[PDB]
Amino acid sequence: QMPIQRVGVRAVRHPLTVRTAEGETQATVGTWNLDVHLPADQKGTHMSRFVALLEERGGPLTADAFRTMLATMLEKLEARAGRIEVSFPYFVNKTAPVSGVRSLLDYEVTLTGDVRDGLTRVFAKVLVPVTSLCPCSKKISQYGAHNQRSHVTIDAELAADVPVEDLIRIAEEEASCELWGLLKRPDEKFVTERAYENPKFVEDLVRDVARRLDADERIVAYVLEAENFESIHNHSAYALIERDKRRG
């Protein structure tokens, strides 16, 4: 006797191909969460149809194909509102700072689509691993400064199409240092020095990243998180910034 906002399949693991900024087609494994709105006067959705769209679907998952999948799901399941969400690991070939030795780095990307109330919204979320270094530990200590691996997460509601790599760079750029999978000894020296030279508190990280998200038209709203897995503790330091530019 009541409508259900989300009703559908969840945790469907299924192969995916994305297209890199470099034009390459990247093959990965995704986890899909496809759901639809059920009108009160409807007893139940057709669950076999979700798995069928995933099997029928083909090609690289471009921004346009993503939107075409959301519409195809609503037409095939006979719905007016619904959401599609896929999570997958994404890889970028990076270049070491001094040696130039190429190596891959792994990011976690979640892509979401949602049509409700005649409005379609696309969301880009990337978790970017980075190195942080406390400025206090550096300032009060004769030698050394505590450093920890950090996870910067950018859940951005796109006003225009934004490459995930555009969000990864903002993260790596405003971080004390960015992670690389292979580092030569000349490279270990530079990363250890540049981090010490650029110590940033979690409040500084999220602030420095937010300013650049603020200044981007393609981002109408975003949730920004930064977690420092403190070496000196068994807990983490956490900071979240929420901004909807449509406010006002």
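Residue numbers here begin at 1 and follow the sequence given.
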Mean Cα B-factor check, 146-154 vs 115-123, entry values; winner is 115-123
C-alpha B-factor winner, where the candidates are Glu85, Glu165, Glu78, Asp106: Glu78
Candidate set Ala171, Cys136, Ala160, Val92 [ranked by C-alpha B-factor, highest]: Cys136
Modelled-residue ranking by C-alpha temperature factor, third containing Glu227: lowest
When the deposited Cα B-factors of this chain's modelled residues are ordered and cut into thirds, is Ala96 in the lowest, the middle or the highest one? lowest
When the modelled residues of the chain are sorted by Cα temperature factor, does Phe50 land in the lowest, middle or highest third? lowest
Which third, lowest, middle or highest, does the CA B-factor of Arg57 fall in along this chain? highest
Chain thirds of CA B-factor: placement of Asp216: lowest
